[PDB]
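Data first, discussion second: the structure below is written as structure tokens.
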Amino acid sequence: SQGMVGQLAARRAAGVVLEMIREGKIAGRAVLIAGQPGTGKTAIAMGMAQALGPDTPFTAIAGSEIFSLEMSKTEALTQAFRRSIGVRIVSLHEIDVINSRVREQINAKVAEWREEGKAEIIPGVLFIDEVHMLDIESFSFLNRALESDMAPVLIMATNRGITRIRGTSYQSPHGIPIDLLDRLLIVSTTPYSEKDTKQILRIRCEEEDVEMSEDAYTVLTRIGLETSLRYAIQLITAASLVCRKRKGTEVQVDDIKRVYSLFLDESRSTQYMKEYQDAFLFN
Amino acid sequence: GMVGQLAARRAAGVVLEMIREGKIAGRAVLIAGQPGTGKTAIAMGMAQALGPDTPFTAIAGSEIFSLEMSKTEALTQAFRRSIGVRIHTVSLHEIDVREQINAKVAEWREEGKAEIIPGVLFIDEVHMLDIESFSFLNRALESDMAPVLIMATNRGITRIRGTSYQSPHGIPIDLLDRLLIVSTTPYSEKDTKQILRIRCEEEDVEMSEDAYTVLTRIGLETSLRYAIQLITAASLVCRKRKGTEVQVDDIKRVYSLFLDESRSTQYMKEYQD
Amino acid sequence: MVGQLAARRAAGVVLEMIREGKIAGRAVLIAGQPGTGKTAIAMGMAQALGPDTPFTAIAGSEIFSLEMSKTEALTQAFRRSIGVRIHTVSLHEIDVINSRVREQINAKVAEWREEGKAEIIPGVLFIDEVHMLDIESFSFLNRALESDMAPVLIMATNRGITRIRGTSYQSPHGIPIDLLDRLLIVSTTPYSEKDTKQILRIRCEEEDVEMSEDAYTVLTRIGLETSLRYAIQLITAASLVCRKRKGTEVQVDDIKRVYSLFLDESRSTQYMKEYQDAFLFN
Amino acid sequence: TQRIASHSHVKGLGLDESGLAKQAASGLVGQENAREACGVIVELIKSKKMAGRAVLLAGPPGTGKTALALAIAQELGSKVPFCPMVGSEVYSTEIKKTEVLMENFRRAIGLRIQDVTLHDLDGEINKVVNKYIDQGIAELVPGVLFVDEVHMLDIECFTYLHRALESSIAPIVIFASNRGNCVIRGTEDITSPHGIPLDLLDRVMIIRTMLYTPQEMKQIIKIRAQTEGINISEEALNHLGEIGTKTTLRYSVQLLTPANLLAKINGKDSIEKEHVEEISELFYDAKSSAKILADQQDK
Amino acid sequence: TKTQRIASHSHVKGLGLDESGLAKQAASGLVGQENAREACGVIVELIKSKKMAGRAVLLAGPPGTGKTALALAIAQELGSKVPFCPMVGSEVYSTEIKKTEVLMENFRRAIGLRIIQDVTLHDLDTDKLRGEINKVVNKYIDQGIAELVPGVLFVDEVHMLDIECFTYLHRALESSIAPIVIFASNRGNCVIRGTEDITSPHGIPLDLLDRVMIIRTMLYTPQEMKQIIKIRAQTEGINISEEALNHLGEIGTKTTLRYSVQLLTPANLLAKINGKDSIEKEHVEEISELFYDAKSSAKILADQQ
Amino acid sequence: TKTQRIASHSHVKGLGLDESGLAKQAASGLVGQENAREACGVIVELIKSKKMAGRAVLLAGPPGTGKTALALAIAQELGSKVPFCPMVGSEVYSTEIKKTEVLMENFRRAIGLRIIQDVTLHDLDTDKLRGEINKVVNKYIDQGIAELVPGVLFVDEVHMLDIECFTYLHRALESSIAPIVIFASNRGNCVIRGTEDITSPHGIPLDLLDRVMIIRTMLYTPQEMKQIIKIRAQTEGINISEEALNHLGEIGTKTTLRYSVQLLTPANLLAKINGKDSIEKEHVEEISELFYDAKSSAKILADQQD
Ligand SMILES: Nc1ncnc2c1ncn2[C@@H]1O[C@H](COP(=O)(O)OP(=O)(O)O)[C@@H](O)[C@H]1O
Ligand SMILES: Nc1ncnc2c1ncn2[C@@H]1O[C@H](COP(=O)(O)OP(=O)(O)O)[C@@H](O)[C@H]1O
Ligand SMILES: Nc1ncnc2c1ncn2[C@@H]1O[C@H](COP(=O)(O)OP(=O)(O)O)[C@@H](O)[C@H]1O
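Residue numbers (this note's numbering), protein chains in the order written: chain U, 1007 to 1289; chain S, 21 to 293; chain L, 671 to 952; chain E, 10 to 308; chain F, 1479 to 1783; chain B, 12 to 317.
In structure tokens, the structure reads:
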């Protein structure tokens, strides 16, 4: 159903918020998505964005992406909201870059454009990935952002516990100050169980034009549960060329236990270095 | 307008004659008080007695943490502010090129309508000046127009701002070997009644002679200014029972309401822990 | 130059590796305590390499300049080490005569290589106490030395496995671990009791000092307890205390008296622990 | 306007004639200790004897330290200005610290003829308004500047506030600090109560506000429900009074707008206990949501 | 074209593979590492079979095991004279040029443009200089004439790279004209640079670690410590005896292989001094006592102070 | 020129040494310290024969011993009107004048020259302008008449010189137009300001410490602590009893000697207030227990906190 496998309650959590926007009761709030990484917290917002009409704007940006050396965060954040403003014909991020080279000029100009109506203001949805590495003065811009009536519905995402804020020396929950934190809604996500992962491997192999046997799935569902999903996807295309070497006709279990014992996860390679400095750095 | 301080007032007379006999050029005064011992009027204790025209300025040691202007250019205005010339004795900030005013007043001295005078300059919360500004008063004291600098702190053996070593009072040793450090012994029980009898008269309050004996029993463990904030609100609560004067049940009505800084950091230890 | 049997012999193998061009891509790192003359077995690679080789004895702490920037205290020091033979002139003084700029000269000197009227010469650059440098300056030795107009680097460091400045990753001698894979690390040794007298029977001849033979054997008894920095510093002060009664040579108490007058670098700070760490407890 | 949309049930502070505090009146419930105390403060501005000082509302978060700031701005004439700023709204890099600290400060003083504040009119700006008092055409009504989260203001902007409150025409400002003996921002070594330095501690009346009971919490979420027009039942409200005493009140008031629309998802108009039993699992608070990432990491 | 950094890797000439994707023992230069040389084989097939949409490799082994050699074999098994630009981690920090351009000085210098003149996309030379060059060469591959031959970028000691490089590099690989990038490391969990806050495996953020296929190289047995010195001796003409090689493999297993392979040319030019052209054991002891190594010469400076 | 840095020690005339190479009990405005007073006599001998091969003096010893006094007796034993210009460790930081200028300011406040009219090198006055001077005054010394006498710089509490000022001085002391510079400190193995991990003795870098000669200044006994306050009294024209010196000396043993010299001026002024002839045993106790010193007044801000 519509690409999004699993996370049934946390997808229904959007269905609460999807009527908070149509009733007109989000104007000031914001939505956060917590969770262990590799779960779909970068993906629930997409189907969330599609459910406000056919042509909603959507701008997934990252929190470590704020380190732009040509583009200051006073202007990186400011066009980011204006890449989520509805203009019917073409958002406001592309308007000022050619028609001007101002941000108070087009708003007074769209104060004139509100009454004609060839383009109607439907401000869409944002997504700001990895908010736990977003500086403190950027959060104060988010407070000043949602004060226009042409505001977008902010969606955020964090994967860190009680940490410090980026700019101060206070340990606080999630790495957000508590001027926005208690105004936030926490759509929490859970890591997949056994049965949830082996549909995803069936999904990713279906769209990679890769044929696979049934017994290759249950070993890759052991690994896909333990290590990650995104490492188990990487072994799919690697085992699709250890099968093709013997020409295969189907990918098998020892065509995984070759490759799973050939490459490594994001986990074991550190552990090989752990017992490597036990006489090196313990002499 | 003191109360008490049977020793540290007497030190202000010994320091006062050093301004007369000229034996103060190079030295300064350190007032190592508590916050609520009233050092600022003792700083004026040699400004109402040295000269009636000798000016003063009170700039905090945290005021130099400035965002509009630099640290020391804002200081040098407040250092020149204490030095006047008789005409009303006009300060050296209102004649404000930076050395021409110094060179012009090197001429005006013998004329008859302009004569140089020293002044008093008060730096409170002195331990928030870094070593960049302690080097400024290391050299600005050695000029021909040295005001009687009085420094006020409430910090013991601490780290200097700008360096990382230990030091008394936030002062580096080069401006501390040659200082007069006076101690202000804190207020006492007969010392606290007389200040509180002064303070009610300054807000047209008739007070009891027994609710004082609890207000001075309450104005010791907390602060003095806590017993000051009460006594203008202790007037209003008897202005709502319509009794025209304040008795012993009336402070413990408003002592229950308005907390102090010591029963409101322990009450942020009950919840927060 | 007396001493260093196990450091000059390896330095000869450093030397004759330059002659076959096999040194191209590497550098030398003389690891040892100071006072062992790390600027003496590094200038031997300027004496024995040839009498016309430029040799610059900068320090690593001397890159700390407020009037400079951290790309001109080294680009001068390489061009004050590489040179051009055409009274040989170094390459840095070619920048002076074209100023009253390297985007024109280093092609122009490369033009000279085909005629040979001006000949390039490989020099030697000495960067003493290089552990004070940092990765924003270590990355220029990986950036200039890989060129073909390059000298042979010689570094020196007494610090062990310490933190590199710039990061918080510890490493031997404060150098990046990428640069330490091409260093020729030759150690120096502490001196010997028969060998320590040789520098003192050559420092006495610097200022014609006549010294009794018990005094030599007690100054080396002094010099190997504390320092050779300090034992040289009592030579001259033995003279103008012997010129009271004129001596005809300094004596045993006469070098023991001035040893009681001046104090060396590590005994004197032991008296601060008798004061600074013994007033805090009381 | 959303900054006071969470306080659209306070039409006054709710005191009787004898200067005492009653339980439930004009919106405010519980809190009868400190509502005596902010009755003293509003009477010390009606008598002009507030000689350059402020109010600090110590206590845990969510207990109502902002609703009194609108209550004091209600009892003082109810047409006064009000600008609740937060101590993290100053830390912006597009503008300086002090001007965005003063832009709210020049918005609190109400002038009376039209109803204007100083920020519409924004040294010489300070004097022509002082000239109009001399003629008697416009008299200033000092409103309430609420500074929440005051430990996030540094010592470089506090001494600005120790100056812009030292002048005569400044309004009453009200701090709110939900922490203890904090360490002052911007100075790296010195500590003081509530993150407010000593030079400003001489001008504050520390009014403590205490926590709530589950009985007091059930009254208030009814009032926020009855103002938004969302019919909730007592079995549902008792759960919100146990989610209230679990985390905060600010979380439990926040769930009224989504948990009503969960019945609109299900077709009904009212909130029952089975709805809030689901939306506690759908949306979380902030403290337990960092417990999960401390569990899914440390599992 | 800096032909100095790969001077010691002149002896590798491929991967030394069988027909069905199995490693040999000793062919095309390398000896041993046959567990990881299989993993290079399935990697190099993917770059040929176009299933490498912007993905990277991170070899993860101790210092002295062949991480740079095994990422030159991936450069040559794609083809000979295929561009290969090895940089290191602490080379991006220049006070002259900004550090983001220094990666573009390398990440663009690992492509082979094919017209026949062959050139790198860097050597066609300011984000317009990066941007507008891409749309002409994107027109070139659909023009039915021209083509790129993507090479190998090699970043060693990656934990010195900071977060302003990682975010630019990961955002750079979304272009279709992006060559492969092969990382390296020698440590476990280590904090990121550029933000200096929290830990991460091998100094790699999770924004890049979903493009990472970790290949683990192992250590070397003392038997493997001898052929690898032998092949590096046979390229430089170093006539060395077995009784000294058994001492020289002892050096490679006492500290490191990279140290025990740069000892040869001083030990060859010590034997040219003594006269015997063929190296014996009497030289290579007196080059391991005269010269030292970093973890043993930091110990000596601790053995006095 | 400044005078108040010298006026507190306006009673020392020379080192007070007989020609037998030794010292005495007390002479020439000095007392005690017989180990260190010969050593400064050795250094003033090594300026006379110029065997100082770019060296310097470090005076390591506790505060309240006369390290400013002995390095002023050196500056007067060279001759009358030999320049002297002491600075402290935290002088070299100012927003008005940066680090290496104010070093060279006091470095060239010391360098005297006799062209007959007495001149310094800071009389003549941007290091390009400084190095321009050095060659042409290296002509005037080799014209024969214009002989220069080297002044004595005195750096007090040398630890607060950071690392980017020391190596300037190592590139400034190496000239032959240099004055003899005298460092002084009492700190232990001090971290140099700028390196954060290097433990070097009295805060001197390991290259500059190859030039200096460390002399101890030993703390006084209360016998010799008494005679100095008598000597400092009689230059002021301020009389005193005996037992007051048995108090002012035996309170100087308690904290410092640097404190007690700041008490002759108020305790005499306590006698002018009360109309007394001189200072006596109660006049000190109404200043000693009324005024305070920072090593014994910072304890009362910790006792009142606890
Ligand atoms: N005693 C009270 N009377 C009326 N409303 C209250 C009371 N306490 C809390 N509230 C309501 O509960 C919410 C939380 O109070 P507030 O002080 O804003 O939380 P915080 O302490 O997090 O700022 C507010 O919206 C306020 O309207
Ligand atoms: N398996 C191997 N086959 C051939 N040569 C090797 C092998 N492993 C290491 N070497 C040689 O040893 C040296 C160290 O390899 P390299 O990867 O460059 O350093 P490190 O192993 O420390 O990353 C290289 O010069 C390489 O030529
Ligand atoms: N042995 C001494 N002989 C003469 N004067 C002394 C002696 N000891 C101290 N003084 C005087 O005491 C004062 C303190 O000496 P100074 O060196 O300035 O302080 P410190 O010893 O703490 O550095 C000096 O001005 C000096 O004149």
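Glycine included, every Cβ here is placed at the ideal spot set by N, Cα and C.
For this session: Identify the continuous beta strand (DSSP E) that holds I298(B) and give its terminal residues.
Result: Careful: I298(B) lies outside any beta strand (DSSP E), inside the alpha helix (DSSP H) at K292 to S299.
Problem set entry | Buried or exposed (CB count within 10 angstroms, at least 16 for buried), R1689(F) | buried
For this session: Just tell me which of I218(S), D144(S) and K262(S) has its CA closest to the CA of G53(S).
Result: Per the Cα distances, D144(S).
Exercise. Just how far apart, CA to CA, sit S838(L) and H1637(F)?
Worked result: One C-alpha to the other measures close to 11 Å.
Problem set entry | Top-ranked residue by Cα proximity to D124(E), from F155(E), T72(E), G132(E) and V89(E) | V89(E)
Problem set entry | Residues near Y1223(U) in its chain [Cβ-Cβ closer than 8 Å; skip 5 each side] | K1204, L1207 and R1208
Exercise. Do you know how far the Cα of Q25(S) is from the Cα of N135(E)?
Worked result: 42 Å
Exercise. Closer than 6 Å: is that where the CB of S19(B) sits relative to any heavy atom of ligand 3?
Worked result: For ligand 3, at least one heavy atom lies less than 6 Å from the Cβ of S19(B).
Exercise. In angstroms, rounded to a whole number, what distance separates the CA positions of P138(S) and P277(B)?
Worked result: 20 Å
For this session: Note the first and the last residue of the continuous alpha helix (DSSP H) segment covering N240(E).
Result: Per DSSP, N240(E) belongs to no alpha helix (DSSP H) and is neither H nor E.
For this session: Could I get the ranges of all uninterrupted beta strand (DSSP E) runs contained in the segment 172-234 of chain S, with 3 residues as the minimum, in chain order?
Result: 177-179, 186-188 and 199-202
For this session: From the DSSP output, in three-state form, read off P1564(F) for me.
Result: strand
Problem set entry | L1226(U) versus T1233(U): straight-line alpha-carbon distance, rounded | One C-alpha to the other measures close to 10 Å.
For this session: Compute the Euclidean distance between the alpha carbons of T1713(F) and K1079(U), then round it to the nearest angstrom.
Result: 55 Å
Exercise. What residues in the segment 901-915 of chain L bring their beta carbon closer than 8 Å to a beta carbon of chain B?
Worked result: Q903, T906, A907, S909, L910, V911 and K914
Exercise. Mind checking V672(L): buried by the 16 CB within 10 Å criterion, or exposed?
Worked result: exposed
For this session: Return yes when at least one heavy atom of ligand 2 lies under 6 Å from the C-beta of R1736(F), else no.
Result: Yes, the Cβ of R1736(F) comes within 6 Å of a heavy atom of ligand 2.
Problem set entry | 7 Å Cβ cutoff, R1586(F) in contact with chain U | no
Problem set entry | chain E contacts made by the segment 275-292 of chain S, where a contact means CB separation under 7 Å | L277, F278, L279, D280, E281, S284, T285, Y287, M288, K289, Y291 and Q292
Problem set entry | Completely contained alpha helix (DSSP H) runs for the segment 675-758 of chain L, where each covers 4 or more residues | 675-689, 714-717 and 745-749
Problem set entry | Contact list for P842(L) against chain F, beta-carbon separation under 8 Å | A1772, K1773, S1775 and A1776
Exercise. Hey, is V262(E) close to ligand 1, as in C-beta under 6 Å from one of its heavy atoms?
Worked result: yes
Problem set entry | Burial state of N952(L) (16 or more Cβ within 10 Å) | It counts as exposed.
Exercise. In chain E, what lies closer than 8 Å to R179(S) by C-beta?
Worked result: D198
For this session: Find out if the Cβ-Cβ distance for the pair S203(S), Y303(B) is shorter than 7 Å.
Result: yes
Problem set entry | Contact belief for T285(S) with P202(E) at Cβ below 8 Å, rounded distance in angstroms | The Cβ separation is near 5 Å, so the contact holds.
For this session: Anything in chain U within Cβ reach of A1745(F), meaning under 7 Å, just list it in chain order.
Result: Chain U residues near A1745(F): none, gap ~26 Å exceeds 7 Å.
Exercise. Name the chain B residues whose beta carbon is nearer than 9 Å to that of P704(L)?
Worked result: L217, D218 and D221
Exercise. In angstroms, rounded to a whole number, what distance separates the CA positions of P821(L) and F1585(F)?
Worked result: 29 Å
Problem set entry | Contacts of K740(L) in chain F (Cβ-Cβ under 8 Å) | What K740(L) touches in chain F: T1573.
Exercise. Less than 7 Å separating the beta-carbons of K282(E) and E244(E)?
Worked result: yes
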